[PDB]
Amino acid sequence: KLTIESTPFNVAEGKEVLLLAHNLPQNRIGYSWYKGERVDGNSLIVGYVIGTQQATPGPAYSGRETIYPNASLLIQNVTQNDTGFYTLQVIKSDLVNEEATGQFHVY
């Protein structure tokens, strides 16, 4: 089952956090990361097409996020407003998509 691990969980203001996706589906074709606990267009950080490596920012994009081909999301120079839940949707070739939510906490 797709799960998100934040490392570290407790992240000092100004430092960075890496959100790792474990158990990716084999027929993955893209990713979308969202701020909060749900898929929601108003909270899209970044979308990503694996094959072209094309990242597309959304309204929650800060310029401090980087999405990697294994779906990991690095957030740099974190602030108190970055604190909380992040949700990954993995888009698959059959569109039987999967989601997982992770969390970190800025201190």
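Position 1 is the first residue in the sequence shown; the rest follow in order.
If you average the C-alpha B-factors over 77-85 and over 29-37, the higher value belongs to 77-85. Stretch comparison (11-19 versus 95-103) by mean CA B-factor in the PDB entry places 11-19 on top.
Ranked within its chain, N42 lands in the highest third, by CA B factor from the PDB record.
Sort the modelled residues of the chain by CA B factor and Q53 lands in the highest third.
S72 sits in the lowest third of its chain by CA B factor, as recorded in the PDB entry.
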